[PDB]
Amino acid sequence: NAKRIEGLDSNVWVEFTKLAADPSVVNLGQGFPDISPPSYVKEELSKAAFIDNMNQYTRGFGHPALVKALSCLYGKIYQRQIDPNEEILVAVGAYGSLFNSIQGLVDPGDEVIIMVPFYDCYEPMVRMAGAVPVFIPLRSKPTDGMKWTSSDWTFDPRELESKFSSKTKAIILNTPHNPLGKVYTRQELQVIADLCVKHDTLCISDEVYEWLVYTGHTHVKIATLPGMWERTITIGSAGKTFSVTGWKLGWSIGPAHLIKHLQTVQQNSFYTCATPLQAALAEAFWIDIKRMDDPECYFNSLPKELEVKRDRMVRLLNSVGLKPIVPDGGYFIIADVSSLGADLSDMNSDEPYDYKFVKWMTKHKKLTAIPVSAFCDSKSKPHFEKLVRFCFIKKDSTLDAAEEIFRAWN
């Protein structure tokens, strides 16, 4: 094995295969939606399949129709013109987008700042590039009293400051957050912005869940703050936008001098993404772009649907004594489990508490979830191992099945 991938071979998701196996569990682990994608999205792929051309090579950096659509939509959001050719790169999901960014902008020996918990792929990506991850935890503040929420989690600005040195190449932002469901405030993005301009550093911003924010919160794009356009790469994904996760298409939006470096990586790695998926997606985007103001638009209906399902989950977890953190956005809910004193002690390995809890819950209660320590570097695990994450982008029937398990819990 090449030196660049020394000890990058284990992967949380690989390890989680033998969990979801057994047919009769209700899987609330993986971010596998089992609702239907919008009908028009399925239809458009079918339509694309029967056109010859759309089954051949398209433009390497993205299908013209797609990049046209994206530049239209994000033009609206940034309130500025987005160049479809120079300021956008279409890649294999947000994974690929992340990988482009890091591969093309981050050198060996550079520091990259990561907030914990993080989407687990951040650490190995930065490591393979020969770069050093510098970790900083999110910490809880006190509750309003009545509710525990994603918004009761923040970072210490003075702590954050001290993580930037002349060795900081970049910071990785994830709002809405996986796994907390935190929707970063303007003030919080202002602190991060301030520092990248003070230290002349990049900001990579994972914003795949941009559409999934719930009432009382607003997705704010760091890249839109003063001084940030020139220094930010902002990521987005078709799986998350169209509930079509198996399409594996994402985009990186940012300034032409940073985006060029990502395109250099792409052309030297896989080059093109599939034509029919891009063709189909372009059309979906036009369908929903042309109706952004209406409740019908998928960018509106989907959070509306999920906010309901979220609230069902707060209750189901509360019902069994699990203490949930109600998320401002996204489709994951983190629950604290330490208040059940569970009948483990005797999976005997040196796993964190939460991997154990989930194993127990699968064998005994017929339900899977993801341990939050899967999203933490070593030093961080003990400070997060009583937390367990559940996914709610599920259809009614599934959440029913979940409800049956919780009601039968004692």
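Residue positions are given as counts along the sequence shown, with the first one as 1.
Output the stretch having the higher mean C-alpha B factor in the entry; the candidates are 319-327 and 95-103.
Higher of the two, by average CA B-factor, is 319-327.
Out of 48-56 and 349-357, which stretch has the higher average CA B-factor listed in the record?
Mean C-alpha B-factor is greater for 349-357.
Report the option among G109, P295, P303, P137 whose CA atom has the maximum B-factor in the deposited record.
In this record, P295 carries the highest C-alpha B-factor of the candidates.
Return the residue from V26, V372, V67, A369 that has the highest Cα B-factor in the entry.
Of the options given, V26 has the highest CA B-factor in the PDB entry.
What third of its chain's C-alpha B-factors does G62 belong to: lowest, middle or highest?
For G62, the deposited C-alpha B-factor lands in the lowest third.
Select lowest, middle or highest to describe the third in which the CA B-factor of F155 falls within its chain in this entry.
For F155, the deposited C-alpha B-factor lands in the highest third.
Could you tell me which third, lowest, middle or highest, the C-alpha B-factor of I5 occupies within its chain?
Its C-alpha B-factor, which the entry lists for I5, ranks in the lowest third among residues of this chain.
What third of the chain does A223 rank in for C-alpha temperature factor, lowest, middle or highest?
For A223, whose C-alpha B-factor we compare with every modelled residue in the chain, the answer is the highest third.
Check where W211 lands among this chain's C-alpha B-factors and tell me if it's the lowest, middle or highest third.
For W211, whose C-alpha B-factor we compare with every modelled residue in the chain, the answer is the middle third.
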